[PDB]
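Before any comments, here is the structure.
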Amino acid sequence: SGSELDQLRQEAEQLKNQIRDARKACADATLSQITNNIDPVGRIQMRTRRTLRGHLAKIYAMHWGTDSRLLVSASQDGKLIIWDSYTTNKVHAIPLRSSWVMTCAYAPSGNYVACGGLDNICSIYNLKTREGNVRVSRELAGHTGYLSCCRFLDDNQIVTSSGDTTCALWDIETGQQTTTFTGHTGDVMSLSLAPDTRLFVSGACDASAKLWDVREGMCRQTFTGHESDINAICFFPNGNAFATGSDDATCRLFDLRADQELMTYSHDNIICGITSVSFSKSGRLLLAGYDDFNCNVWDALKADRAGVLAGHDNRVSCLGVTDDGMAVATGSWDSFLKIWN
Amino acid sequence: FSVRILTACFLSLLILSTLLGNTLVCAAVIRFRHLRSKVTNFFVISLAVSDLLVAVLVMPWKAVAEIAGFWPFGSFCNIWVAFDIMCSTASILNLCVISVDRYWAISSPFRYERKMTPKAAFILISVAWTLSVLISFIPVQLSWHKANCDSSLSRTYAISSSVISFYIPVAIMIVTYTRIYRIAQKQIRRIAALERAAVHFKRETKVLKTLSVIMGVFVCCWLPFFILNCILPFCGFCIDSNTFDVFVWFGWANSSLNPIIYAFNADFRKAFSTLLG
Amino acid sequence: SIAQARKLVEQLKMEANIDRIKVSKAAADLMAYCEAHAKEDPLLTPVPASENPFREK
Amino acid sequence: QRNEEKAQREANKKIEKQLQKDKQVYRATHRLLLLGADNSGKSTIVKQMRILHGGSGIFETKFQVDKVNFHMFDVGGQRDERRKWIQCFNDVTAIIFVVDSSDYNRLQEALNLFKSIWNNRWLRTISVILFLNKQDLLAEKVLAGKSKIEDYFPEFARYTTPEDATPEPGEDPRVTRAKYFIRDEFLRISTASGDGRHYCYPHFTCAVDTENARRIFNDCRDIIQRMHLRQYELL
Ligand SMILES: Nc1nc2c(ncn2[C@@H]2O[C@H](COP(=O)(O)OP(=O)(O)O)[C@@H](O)[C@H]2O)c(=O)[nH]1
Ligand SMILES: NCCc1ccc(O)c(O)c1
């Protein structure tokens, strides 16, 4: 040859294959063979304990608070309703500028809520306002694509994910993108912050997940394996692992320190996509929302399917476990949220 | 006897089918909130409840009197004929509402989605049930209907209550469904224009099939009874109690067929499938 | 083309020099953190209805 | 204490009654998604509707025709892989597909994009309103005779003007044949595999056209009529 571009493509493939060899080098055993002697969790049949109604359209995002009692929900009717999940009372009902909201977050201090969507803007609302009605306080601009997910770090740091194949860390006060994360080819669809705020991973529509160092802005690890678009992602409660769900009707468990996939959760009677995933407090239960209106509960150690949560008139679009592990909520396109335990 | 046991089993099967179909509609409504969401479903629930009342209240006693030959419940039956008129009028009436309903939701889709709010739905359901109870019980308990227990309606009452309960609803239902036919035929011709342009009576048969099924089951099931109710007390050419009785059963038979013709939307089908399993 | 290739090669070299542990140990750590907290996960071990805010009044 | 329970209960009451008035409002608004290539008229159509009709470039516009509210939205800041933000519009009444009929070489791009929209997995019951926009420019190019359609579509040579054509008063038969040829290329896609679940309604429009509210109104009404028909198995 001679053209440095073909030599970089070649050296690229050489590095990817030395990396694949270094990955198969540490693949001595599988999690299933190791955990074949543990006892199964048994049939887990949780039931609807509450039903939260009010939304006029499909719910697209929800997030529990740190107190494990309140939660915020964003619907594509242009509303963002805050619920006291214990008493089913509504604490706030925030009308939204753009009705196509796709994400909503709950600040760990409980003072602020965030949300964004097809407007390419992340809007922060101060819940502890001092006069009249809760209204907009900040609005983070800069993305050239639709905002798909966002989660607070503290009362001033917030990370956003967008369809421009980038993630960004923002300082809410100054409004500047304090850090930019680039490298994804397709739309970034979901992000999950580690329990210690130091790193975070992101799953994109290029069938890849990437682990990013928040403070340094570099991609530390890239995991692959899904055959199509990644729709959801979340950290293992330990902080060194995460699970992904994709449109190919499969869940995959990756480890951070081992740097490869550990286990795959699928059934040949399950053909629909997957919209949301989340672990329990101990990481033993993995809940995943499928398009077939159901939610499957997998045993994160045996790859066996353990329980089901049926009851919904449309695709379950989101779910989330409380910070105390007491219950899980599910939002679907039938305009209802349901608490389960 | 051979004929008697056959009437018994056929009548028991008819009642069980009525009860099963209508309780299935009512259950598919109560269990699934995505069926209670609309308003046309409100009217379909009203219809199913009326026919379920027909079954449980009115049909079996007449079947027992048909088997045994003598009316054993006695003073009840004063009430029964009143009950009969009510349940058998909340059914025909309800069809009328549902028919106008579909029409109003096809001739003015925007106005419909705006004005038909569940308050108007409840008002229409209220008119049907209250018209039924009024026109049925009040002339019975006041003994205006009288000119084995004689359920023979008075000569003037037959024609009057008949005109209301059937002939106002059949006129309204025929008007509505012929209008819906005009509209569907227009749209079919229009859709056919585009496809012929692209390429350059199956959909008509589908329209005919559905309108014919609805109106033809209703008419061929109820109409003889009401032209009889018309002719008989005036002349009672004339007929006997057994023939009048089979045409009565035709009337209550339509209450059996109503679920399959008015509650087989795809979602209703799937709700039944997840119910029975 | 040429800039994204230099960035892709340096990124792959950066991703290559991470230190990985054996999968047997990574799974042993996952099982240990799981069963070490298994008894405190109400969704796994059901909590009596007295201390359940969603089953009580 | 218990007072705070009654305050929370009346907070729930004020919320739910606000949501009931909002439910009626949301129930009566017909969402219309504006889609289409660039160098088209989407942003000009939204700008014109905000001007000529009472209308709330910007992504959205809210306008009323005959006491019927609409909310038309055009997405501008995205990429070309519309495969994922499209599922936010699976319930819209109709998609307004705008096509630059005067752009003889970007027309194949419009045909391919229309095919991908018409066959989308999440748009199976969504009817498309086809605006063959910029008809005045098309007449300009046809009368000018510098760029002829046969050089880009050799089929146009054997094409015959349909016998059902309804030309407006004062139109050269060459322009009529050209615009009805573009019409039938898109109708051949809409009438292809498609489904009996949804249809395409072509209209020749220009950015200065004023009845471009009556067209969306009429066609939303036909889509709803046919939804109500196919619901009762009539049509
Ligand atoms: N001459 C003419 N120009 C038009 C017409 N419709 C739109 N345009 C042009 O389109 C331009 C607007 O940009 P536009 O393509 O709408 O941005 P987009 O919404 O992203 O596609 C304007 O400068 C108009 O001149 C039309 O009917 N006639
Ligand atoms: N078996 C129904 C008999 C009946 C029902 C309604 C009437 O109005 C009526 O005159 C008679």
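Along the chain as shown, the residues are counted starting at 1.
Including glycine, each Cβ sits where the backbone N, Cα and C put it.
The N-acetylserine annotation in Swiss-Prot covers A:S3 and rests on experimental evidence. Residues annotated as phosphoserine in Swiss-Prot: A:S3. According to Swiss-Prot, the feature phosphohistidine maps to A:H267. The repeat 'WD 1' annotation in Swiss-Prot covers A:47-95, and the record cites experimental evidence as its basis. According to Swiss-Prot, the repeat 'WD 2' annotation covers A:96-141, on the basis of experimental evidence. The repeat 'WD 3' annotation in Swiss-Prot covers A:142-182 and rests on experimental evidence. Look at Swiss-Prot and you will find A:183-224 tagged as repeat 'WD 4'. Marked as repeat 'WD 5' by Swiss-Prot: A:225-268. Under the heading repeat 'WD 6', Swiss-Prot lists A:269-310, citing experimental evidence as support. Per Swiss-Prot, the feature repeat 'WD 7' maps to A:311-341.
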C-alpha spacing of A:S3 (N-acetylserine) relative to A:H267 (phosphohistidine), in angstrom: 47
Contacting positions for the repeat 'WD 7' (A:311-341) when only residues 6+ beyond its ends and CB under 8 Å are counted: 46-53, 55-68, 71, 73, 75, 83, 85, 272, 275-282, 287, 289-295
Around the Cβ of A:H267 (phosphohistidine), the count of other Cβ atoms that are within 10 Å: 11
Structural state census, the repeat 'WD 3' (A:142-182) (DSSP three-state): 0 helix, 23 strand, 18 coil
DSSP-derived helix, strand and coil totals, residue by residue, for the repeat 'WD 1' (A:47-95): 0 helix, 31 strand, 18 coil
Long-range environment of the repeat 'WD 4' (A:183-224) - Cβ separation under 8 angstroms, sequence gap at least 6: 145, 148-151, 153-154, 159, 161-163, 165-167, 169, 230-235, 237, 239, 242, 244, 246, 254, 256, 259-261
Other C-beta atoms that fall within 10 angstroms of the C-beta of the residue listed as 'N-acetylserine': 9
